[PDB]
Structures are given as C-alpha cells and as structure tokens.
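Visitor: This one is structure08.pdb, PDB, C-alpha atoms.
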ATOM      1  CA  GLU A   1     -61.224  25.549 -23.765  1.00  0.00           C
ATOM      2  CA  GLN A   2     -58.193  24.712 -25.917  1.00  0.00           C
ATOM      3  CA  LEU A   3     -55.974  27.029 -23.862  1.00  0.00           C
ATOM      4  CA  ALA A   4     -57.167  25.393 -20.637  1.00  0.00           C
ATOM      5  CA  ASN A   5     -56.510  21.938 -22.104  1.00  0.00           C
ATOM      6  CA  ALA A   6     -53.002  22.997 -23.143  1.00  0.00           C
ATOM      7  CA  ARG A   7     -52.331  24.320 -19.634  1.00  0.00           C
ATOM      8  CA  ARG A   8     -53.519  21.040 -18.103  1.00  0.00           C
ATOM      9  CA  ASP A   9     -51.450  19.029 -20.593  1.00  0.00           C
ATOM     10  CA  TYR A  10     -48.337  21.119 -19.911  1.00  0.00           C
ATOM     11  CA  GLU A  11     -48.639  20.730 -16.133  1.00  0.00           C
ATOM     12  CA  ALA A  12     -49.161  16.964 -16.360  1.00  0.00           C
ATOM     13  CA  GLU A  13     -46.296  16.527 -18.833  1.00  0.00           C
ATOM     14  CA  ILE A  14     -43.927  18.613 -16.696  1.00  0.00           C
ATOM     15  CA  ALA A  15     -44.882  16.695 -13.545  1.00  0.00           C
ATOM     16  CA  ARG A  16     -44.402  13.380 -15.360  1.00  0.00           C
ATOM     17  CA  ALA A  17     -40.962  14.470 -16.584  1.00  0.00           C
ATOM     18  CA  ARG A  18     -40.022  15.683 -13.095  1.00  0.00           C
ATOM     19  CA  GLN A  19     -41.096  12.369 -11.556  1.00  0.00           C
ATOM     20  CA  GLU A  20     -39.179  10.432 -14.218  1.00  0.00           C
ATOM     21  CA  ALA A  21     -35.955  12.353 -13.568  1.00  0.00           C
ATOM     22  CA  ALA A  22     -36.170  11.899  -9.790  1.00  0.00           C
ATOM     23  CA  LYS A  23     -36.581   8.119 -10.032  1.00  0.00           C
ATOM     24  CA  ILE A  24     -33.822   7.703 -12.630  1.00  0.00           C
ATOM     25  CA  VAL A  25     -31.347   9.943 -10.787  1.00  0.00           C
ATOM     26  CA  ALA A  26     -31.938   8.225  -7.437  1.00  0.00           C
ATOM     27  CA  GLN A  27     -31.372   4.761  -8.919  1.00  0.00           C
ATOM     28  CA  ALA A  28     -28.036   5.794 -10.443  1.00  0.00           C
ATOM     29  CA  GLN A  29     -26.785   7.263  -7.157  1.00  0.00           C
ATOM     30  CA  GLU A  30     -28.007   4.278  -5.125  1.00  0.00           C
ATOM     31  CA  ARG A  31     -26.358   1.778  -7.477  1.00  0.00           C
ATOM     32  CA  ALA A  32     -23.120   3.775  -7.686  1.00  0.00           C
ATOM     33  CA  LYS A  33     -22.925   4.269  -3.913  1.00  0.00           C
ATOM     34  CA  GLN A  34     -23.582   0.571  -3.287  1.00  0.00           C
ATOM     35  CA  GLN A  35     -21.008  -0.454  -5.902  1.00  0.00           C
ATOM     36  CA  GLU A  36     -18.423   2.091  -4.730  1.00  0.00           C
ATOM     37  CA  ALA A  37     -18.823   1.114  -1.067  1.00  0.00           C
ATOM     38  CA  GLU A  38     -18.098  -2.543  -1.838  1.00  0.00           C
ATOM     39  CA  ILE A  39     -14.987  -1.531  -3.804  1.00  0.00           C
ATOM     40  CA  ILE A  40     -13.435   0.309  -0.854  1.00  0.00           C
ATOM     41  CA  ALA A  41     -14.318  -2.387   1.691  1.00  0.00           C
ATOM     42  CA  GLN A  42     -12.909  -5.195  -0.468  1.00  0.00           C
ATOM     43  CA  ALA A  43      -9.531  -3.476  -0.854  1.00  0.00           C
ATOM     44  CA  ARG A  44      -9.403  -2.479   2.823  1.00  0.00           C
ATOM     45  CA  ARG A  45      -9.901  -6.061   4.021  1.00  0.00           C
ATOM     46  CA  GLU A  46      -7.319  -7.427   1.570  1.00  0.00           C
ATOM     47  CA  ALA A  47      -4.752  -4.773   2.514  1.00  0.00           C
ATOM     48  CA  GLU A  48      -5.066  -5.550   6.232  1.00  0.00           C
ATOM     49  CA  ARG A  49      -4.819  -9.301   5.613  1.00  0.00           C
ATOM     50  CA  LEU A  50      -1.881  -8.956   3.208  1.00  0.00           C
ATOM     51  CA  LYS A  51       0.107  -6.746   5.596  1.00  0.00           C
ATOM     52  CA  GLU A  52       0.036  -9.370   8.355  1.00  0.00           C
ATOM     53  CA  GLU A  53       0.907 -12.176   5.925  1.00  0.00           C
ATOM     54  CA  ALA A  54       3.868 -10.290   4.445  1.00  0.00           C
ATOM     55  CA  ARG A  55       5.223  -9.384   7.889  1.00  0.00           C
TER      56      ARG A  55
ATOM     57  CA  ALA B   1       0.889  -3.150  -5.067  1.00  0.00           C
ATOM     58  CA  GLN B   2       0.925  -1.618  -1.577  1.00  0.00           C
ATOM     59  CA  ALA B   3       1.538  -4.975   0.120  1.00  0.00           C
ATOM     60  CA  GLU B   4       4.519  -5.790  -2.106  1.00  0.00           C
ATOM     61  CA  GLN B   5       6.092  -2.366  -1.534  1.00  0.00           C
ATOM     62  CA  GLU B   6       5.772  -2.664   2.249  1.00  0.00           C
ATOM     63  CA  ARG B   7       7.150  -6.212   2.135  1.00  0.00           C
ATOM     64  CA  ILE B   8      10.037  -5.168  -0.128  1.00  0.00           C
ATOM     65  CA  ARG B   9      11.028  -2.335   2.215  1.00  0.00           C
ATOM     66  CA  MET B  10      10.864  -4.709   5.189  1.00  0.00           C
ATOM     67  CA  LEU B  11      12.873  -7.337   3.292  1.00  0.00           C
ATOM     68  CA  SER B  12      15.558  -4.799   2.364  1.00  0.00           C
ATOM     69  CA  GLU B  13      15.692  -3.524   5.952  1.00  0.00           C
ATOM     70  CA  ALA B  14      16.092  -7.077   7.266  1.00  0.00           C
ATOM     71  CA  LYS B  15      18.953  -7.745   4.841  1.00  0.00           C
ATOM     72  CA  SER B  16      20.791  -4.592   5.934  1.00  0.00           C
ATOM     73  CA  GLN B  17      20.365  -5.464   9.618  1.00  0.00           C
ATOM     74  CA  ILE B  18      21.509  -9.042   8.985  1.00  0.00           C
ATOM     75  CA  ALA B  19      24.508  -7.902   6.927  1.00  0.00           C
ATOM     76  CA  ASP B  20      25.552  -5.441   9.639  1.00  0.00           C
ATOM     77  CA  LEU B  21      25.224  -8.196  12.246  1.00  0.00           C
ATOM     78  CA  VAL B  22      27.133 -10.617  10.001  1.00  0.00           C
ATOM     79  CA  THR B  23      29.926  -8.080   9.500  1.00  0.00           C
ATOM     80  CA  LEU B  24      30.099  -7.406  13.246  1.00  0.00           C
ATOM     81  CA  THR B  25      30.311 -11.132  14.007  1.00  0.00           C
ATOM     82  CA  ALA B  26      33.069 -11.551  11.412  1.00  0.00           C
ATOM     83  CA  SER B  27      34.992  -8.605  12.877  1.00  0.00           C
ATOM     84  CA  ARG B  28      34.792 -10.016  16.411  1.00  0.00           C
ATOM     85  CA  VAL B  29      35.912 -13.436  15.162  1.00  0.00           C
ATOM     86  CA  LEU B  30      38.835 -11.879  13.283  1.00  0.00           C
ATOM     87  CA  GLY B  31      39.924  -9.840  16.299  1.00  0.00           C
ATOM     88  CA  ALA B  32      40.014 -12.854  18.611  1.00  0.00           C
ATOM     89  CA  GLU B  33      41.735 -15.027  15.994  1.00  0.00           C
ATOM     90  CA  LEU B  34      44.436 -12.416  15.361  1.00  0.00           C
ATOM     91  CA  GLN B  35      45.045 -12.023  19.101  1.00  0.00           C
ATOM     92  CA  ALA B  36      45.386 -15.799  19.428  1.00  0.00           C
ATOM     93  CA  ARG B  37      47.655 -15.830  16.365  1.00  0.00           C
ATOM     94  CA  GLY B  38      49.589 -12.846  17.740  1.00  0.00           C
ATOM     95  CA  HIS B  39      49.051  -9.173  16.935  1.00  0.00           C
ATOM     96  CA  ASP B  40      52.829  -8.793  16.451  1.00  0.00           C
ATOM     97  CA  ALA B  41      52.684 -10.782  13.186  1.00  0.00           C
ATOM     98  CA  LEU B  42      51.236  -8.133  10.842  1.00  0.00           C
ATOM     99  CA  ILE B  43      53.499  -5.367  12.189  1.00  0.00           C
ATOM    100  CA  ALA B  44      56.235  -6.466   9.784  1.00  0.00           C
ATOM    101  CA  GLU B  45      53.695  -6.524   6.948  1.00  0.00           C
ATOM    102  CA  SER B  46      52.691  -2.957   7.829  1.00  0.00           C
ATOM    103  CA  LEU B  47      56.352  -1.905   7.789  1.00  0.00           C
ATOM    104  CA  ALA B  48      56.721  -3.314   4.267  1.00  0.00           C
ATOM    105  CA  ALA B  49      54.110  -0.922   2.865  1.00  0.00           C
ATOM    106  CA  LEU B  50      55.874   2.029   4.522  1.00  0.00           C
TER     107      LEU B  50
END
For the file at hand, write its structure as structure tokens.
Guide:
Amino acid sequence: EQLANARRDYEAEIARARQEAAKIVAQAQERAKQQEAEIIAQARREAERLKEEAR
Amino acid sequence: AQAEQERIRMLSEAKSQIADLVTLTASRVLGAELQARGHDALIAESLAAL
C-alpha cells in the first residue's frame, strides 16, 4: 500500500511540475516575443520617417 | 544614428556638387572677363617667369 501511494504521489508531483514548467515557459516566450516585436516596429517606423525628413 | 549618417553623407555630397558648380561658374566668369580684358595682357607676365 505504501509503495502504491508513493507511485501515485510521484506521478502526480511529476505531472504538476511538468504543467508548471509549460505555463511558465510559454509566458516568458509570449512576453518576450510581444516586447521584441514592438521594439523592431518602433525603430522601423522612425527610420522611415527620419529618412524622408532628412532628405 | 542611422538617420544622421545618411543625412551627413548627403550633406557632404551636396557640398561637393555645389563647390564643383561654384568653381565651374567662377572659371567661366574668369574666362569671359579675361577675353574682354584681352588675353594678350598676361603674355608679358608669363614671359617674366621664364
């Protein structure tokens, strides 16, 4: 009975850790991609506008 | 930084084109003025150096 309980506890703990990692990793990538995309777009718009103004 | 570099290169190019045009205009003005003043006036000056 104790061995079966340990097996059930190990499976639940591993699944909980796996679920925790997936949610945390996805949030970091989503936030970084959203933040990085805005960085490139902001510079691209300014560069195009500045080139016409300087000319 | 990119905008300033592109503007600086364009500004330098414009100055060189303007200076070349300014020099050409000055040369044409000098040539006509010397012809009106007589090209046979500096011949004696050239002989002095020789």
Visitor: Have a look at CA of residue 46 (chain A) and CA of residue 31 (chain A) and let me know their distance in Å, one decimal.
Guide: 23.0 Å
Visitor: At a cut-off of 7 Å, list the chain A residues touching chain B, using all atoms listed in the file, as number ranges by chain.
Guide: A: 47, 50-51, 54-55
Visitor: Now that the selection is made, can you save its residues with C-alpha atoms as a PDB file, in the frame of the given file?
Guide:
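The resulting file, selection_39.pdb, is shown below:
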ATOM      1  CA  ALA A  47      -4.752  -4.773   2.514  1.00  0.00           C
ATOM      2  CA  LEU A  50      -1.881  -8.956   3.208  1.00  0.00           C
ATOM      3  CA  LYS A  51       0.107  -6.746   5.596  1.00  0.00           C
ATOM      4  CA  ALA A  54       3.868 -10.290   4.445  1.00  0.00           C
ATOM      5  CA  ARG A  55       5.223  -9.384   7.889  1.00  0.00           C
TER       6      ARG A  55
END
Visitor: Could you jot down the CA of residue 5 (chain B) to CA of residue 53 (chain A) separation for me, Å, one decimal place?
Guide: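 So the two atoms, CA of residue 5 (chain B) and CA of residue 53 (chain A), lie 13.4 Å apart.
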Visitor: What is the distance, in Å and to one decimal place, between CA of residue 43 (chain B) and CA of residue 19 (chain B)?
Guide: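 Separating CA of residue 43 (chain B) from CA of residue 19 (chain B) is a distance of 29.6 Å.
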Visitor: Region 2-18 of chain B, all listed atoms, 8 Å padding on each side: what axis-aligned box centre and edge lengths in Å to one decimal come out, as AutoDock Vina command-line options?
Guide:
--center_x 11.2 --center_y -5.3 --center_z 3.8 --size_x 36.6 --size_y 23.4 --size_z 27.7
